[PDB]
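Trainee: Okay, handing you the structure first.
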Amino acid sequence: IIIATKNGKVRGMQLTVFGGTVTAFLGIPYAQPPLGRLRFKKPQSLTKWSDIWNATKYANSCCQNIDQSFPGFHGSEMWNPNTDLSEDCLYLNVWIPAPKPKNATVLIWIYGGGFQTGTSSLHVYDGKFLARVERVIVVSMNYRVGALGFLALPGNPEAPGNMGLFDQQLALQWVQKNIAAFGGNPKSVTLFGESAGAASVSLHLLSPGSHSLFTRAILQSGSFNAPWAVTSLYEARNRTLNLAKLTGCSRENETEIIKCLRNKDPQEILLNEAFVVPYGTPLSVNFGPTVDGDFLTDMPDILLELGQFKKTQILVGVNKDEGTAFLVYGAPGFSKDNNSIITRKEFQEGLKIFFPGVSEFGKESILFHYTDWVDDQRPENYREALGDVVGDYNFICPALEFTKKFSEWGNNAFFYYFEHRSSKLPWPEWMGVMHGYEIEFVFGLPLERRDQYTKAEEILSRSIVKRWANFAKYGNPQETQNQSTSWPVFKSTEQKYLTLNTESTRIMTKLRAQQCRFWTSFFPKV
Ligand SMILES: *[C@@H]1O[C@H](CO[C@@H]2O[C@@H](C)[C@@H](O)[C@@H](O)[C@@H]2O)[C@@H](O[C@@H]2O[C@H](CO)[C@@H](O)[C@H](O)[C@H]2NC(C)=O)[C@H](O)[C@H]1NC(C)=O
Ligand SMILES: *[C@@H]1O[C@H](CO[C@@H]2O[C@@H](C)[C@@H](O)[C@@H](O)[C@@H]2O)[C@@H](O)[C@H](O)[C@H]1NC(C)=O
Ligand SMILES: *[C@@H]1O[C@H](CO[C@@H]2O[C@@H](C)[C@@H](O)[C@@H](O)[C@@H]2O)[C@@H](O)[C@H](O)[C@H]1NC(C)=O
Ligand SMILES: CN(CCc1c[nH]c2ccccc12)CCC1CCCCCC1
Ligand SMILES: CC(=O)N[C@H]1[C@H]([C@H](O)[C@H](O)CO)O[C@@](O)(C(=O)O)C[C@@H]1O
Ligand SMILES: *[C@@H]1O[C@H](CO)[C@@H](O)[C@H](O)[C@H]1NC(C)=O
Ligand SMILES: *[C@@H]1O[C@H](CO)[C@@H](O)[C@H](O)[C@H]1NC(C)=O
Ligand SMILES: *[C@@H]1O[C@H](CO)[C@@H](O)[C@H](O)[C@H]1NC(C)=O
């Protein structure tokens with residue numbers, strides 16, 4: 001199977017999925033490799049080729065530091081890259097139904113990873129099941145991460161910032177120009193992503209250069225207003241200059257600093273990335289999105305508040321235990337290999353780990369609001385409070401606030417609370433419904449019965465896949481055939497949301513109301 005694109009012919013490959021066929025095009029380039037003098041610059045358009053490009057294997061993943069905290073442990077290593085790292089990584093993937101559809105809705109995945117890690121080739125992002133089951137086209141792209149994707153000397157085109165977001169954008173542009181050749185509908189494109197990918201999707205809603213490149217948006221466990229998602233111009237410059245000092249590249253002319261960093265091996269860049277901040281946390285985003293005056297024309301909180309974003313439907317949600325995964329990356333007393341019953345003193349020390357630049361009063365105010373116990377004698381009280389602190393502050397309250405503010409300008413929004421812990425989850429049970437572990441359900445891995453998920457998880461994934469596909473196709477995440485709970489729109493008054501679990505799917509109101517009033521109204525003042 002050969003498809004003529006606007007830059008040349010590409011060859012795909014046939015997959016057998018659930019007794020049917022999916023055509024996969026893996027590793028289509030969508031930009032000039034950003035190498036040599038193109039490192040740190042915006043992605044450049046692609047010169048045509050005359051041969052047949054063989055898109056039959058996942059391409060290189062972008063340079064990035066690896067999670068080496070639990071060698072040999074699938075719970076962490078399933079997120080590490082599974083193809084060679086290379087600066088030559090600006091490639092994308094396309095899964096199309098077989099037989100070739102006529103005007104199929106398109107789903108574009110943007111992976112997360114704190115804007116420092118990630119790759120589209122991960123097993124849990126395999127789009128062949130979505131294409132097979134729902135006859136949508138799935139596209140995913142690699143984009144630059146870390147300093148190579150987000151280094152910023154604001155205003156300087158040698159390193160303007162937001163390059164990895166512009167990589168994402170050029171890929172959406174590729175889908176606009178080429179996807180009809182694959183049987184896709186460029187007028188029916190839904191972006192979806194998780195964590196930093198979700199924050200990325202939310203910034204595409206704010207960026208005027210992305211408004212004509214997609215229809216709708218899905219935001220899984222993330223949004224730009226999360227406290228880790230946007231770097232200020234002060235810190236971005238301080239971090240670029242710290243990286244220059246760490247590499248021997250300090251110069252007076254800012255452009256000569258970039259030229260010096262262009263001659264450094266990617267490994268020297270990657271090795272010094274962690275130290276550009278003084279106080280890291282397990283959630284540090286050393287190099288990430290900034291207000292560059294190009295992709296982002298103003299501080300995104302201002303754009304959100306004043307209604308300056310794409311008017312369309314959104315689907316947004318969070319997981320029950322967003323915060324727990326980060327506790328075993330530094331909080332004292334915590335371990336994935338025991339039950340992590342921590343004391344009050346260990347709790348207080350954990351706040352210092354997760355809020356290092358925050359005043360004593362600010363840390364006490366966290367302790368005061370989260371340690372008013374239903375039972376003082378419950379031994380896991382402090383262990384659970386710290387997970388909820390990290391989860392509510394970093395993910396759940398920003399997602400709820402994004403959805404509130406977004407829906408106030410008249411658009412339909414749908415909010416979910418994912419509370420199913422995967423039966424295959426390799427992390428311990430005290431970490432619950434972890435950050436990142438709805439993705440496999442969204443992508444339909446539990447539909448593969450050979451893979452030891454329960455039957456109840458097959459059913460849950462099947463229903464989630466249908467709702468996601470109906471949202472992309474029709475702007476409405478219902479499952480209309482199997483007497484399913486109707487998913488109501490989220491309004492800023494009543495704030496209804498839908499719970500996703502294997503027992504009973506429920507309509508609830510005002511998620512984490514007391515906790516989020518603390519984080520959204522009081523804590524930003526400290
Ligand atoms: C749970 O484990 C943590 C982590 O300790 C490590 O992992 C264990 C599973 C075991 O292999 C230990 O030998 C390892 O050191 C424990 O936290 C440590 O506690 C000791 C004494 O309390 C202290 O000296 C260390 O600094 C702690 N490690 C930290 C803070 O990272 C914790 O006590 C264990 N909790 C339970 C309930 O078993
Ligand atoms: C591109 O691929 C052509 C055909 O490859 C066919 O499919 C792959 C997956 C292998 O199974 C191969 O044995 C098949 O014949 C090649 O003929 C051609 O040389 C390739 N082009 C380049 C530039 O590598
Ligand atoms: C800004 O930068 C100052 C210098 O940072 C120091 O040197 C670099 C190379 C790193 O190793 C870093 O860890 C060092 O602390 C800092 O002193 C300062 O705190 C930074 N931040 C702010 C807000 O000023
Ligand atoms: C050390 N961890 C760095 C990643 C990171 C840095 N900064 C962020 C900001 C938001 C979300 C994630 C990050 C990796 C955390 C992952 C989380 C996914 C589930 C279990 C595996 C462990
Ligand atoms: C150090 C270590 O590997 N410990 C134990 C692991 C992990 O604690 C969990 O899988 C969560 O990471 O779990 C086991 O009990 C299990 O699941 O059979 C085996 C093993 O003794
Ligand atoms: C695909 O659908 C759009 C409307 O969503 C329509 O304008 C376009 O002509 C269609 N293309 C086909 C059917 O090839
Ligand atoms: C910095 O170097 C660049 C590269 O030649 C040059 O164009 C620019 O004018 C220099 N800036 C200053 C202030 O000298
Ligand atoms: C609806 O129910 C049938 C069984 O009656 C099941 O096979 C099918 O997968 C369900 N569809 C969805 C979209 O959940």
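Counting starts with 1 at the first residue shown.
Determined by X-ray crystallography, 2.2 Å, according to the entry header.
Each Cβ is built from the backbone N, Cα and C atoms, and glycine gets one as well.
Annotations per Swiss-Prot:
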{"type": "DISULFID", "residues": "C62-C89", "note": "disulfide bond"}
{"type": "BINDING", "residues": "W79, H435", "note": "tacrine binding site"}
{"type": "BINDING", "residues": "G113, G114", "note": "substrate binding site"}
{"type": "MOD_RES", "residues": "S195", "note": "phosphoserine"}
{"type": "ACT_SITE", "residues": "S195", "note": "active site, acyl-ester intermediate"}
{"type": "DISULFID", "residues": "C249-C260", "note": "disulfide bond"}
{"type": "ACT_SITE", "residues": "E322", "note": "active site, charge relay system"}
{"type": "DISULFID", "residues": "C397-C516", "note": "disulfide bond"}
{"type": "ACT_SITE", "residues": "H435", "note": "active site, charge relay system"}
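Could you give the neighbours, burial and distances for every feature on this list?
Mentor: Other C-beta atoms found within 10 angstroms of the C-beta of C62 (disulfide bond) number 28, with every protein chain shown included.
The secondary structure of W79 (tacrine binding site), as reduced to three states from DSSP, is coil rather than helix or strand.
For the recorded site, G113 (substrate binding site), the DSSP three-state label reads coil.
The secondary structure of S195 (phosphoserine), as reduced to three states from DSSP, is coil rather than helix or strand.
Neighbour list (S195 (phosphoserine), Cβ cut-off 8 Å, at least 6 residues apart, same chain): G112, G113, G114, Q220, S221, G222, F395, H435, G436.
According to its DSSP assignment, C260 (disulfide bond) is helical.
Long-range Cβ neighbours of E322 (active site, charge relay system) (same chain, at least 6 residues apart, Cβ-Cβ under 8 Å): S221, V390, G391, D392, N394, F395, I396, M434, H435.
Its Cβ taken as reference, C397 (disulfide bond) is surrounded by 24 other Cβ atoms within 10 Å in the chains shown.
A sphere of 10 angstroms centred on the C-beta of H435 (tacrine binding site) encloses 25 other C-beta atoms.
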Trainee: Can you tell me which of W79, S195, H435, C516, our recorded positions, come within under 6 Å of ligand 1 at the Cβ?
Mentor: none
Trainee: In sequence order, which residues at least six apart in the same chain have a CB under 8 Å from the CB of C89 (disulfide bond)?
Mentor: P33, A59, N60, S61, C62, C63, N142, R144
Trainee: Using C-alpha atoms, which one of the recorded positions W79, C397, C516 comes nearest to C260 (disulfide bond)?
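Mentor: For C260 (disulfide bond), the closest Cα among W79, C397, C516 is found at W79.
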Trainee: Going by C-alpha positions, which of the recorded positions (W79, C397, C516) is nearest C249 (disulfide bond)?
Mentor: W79
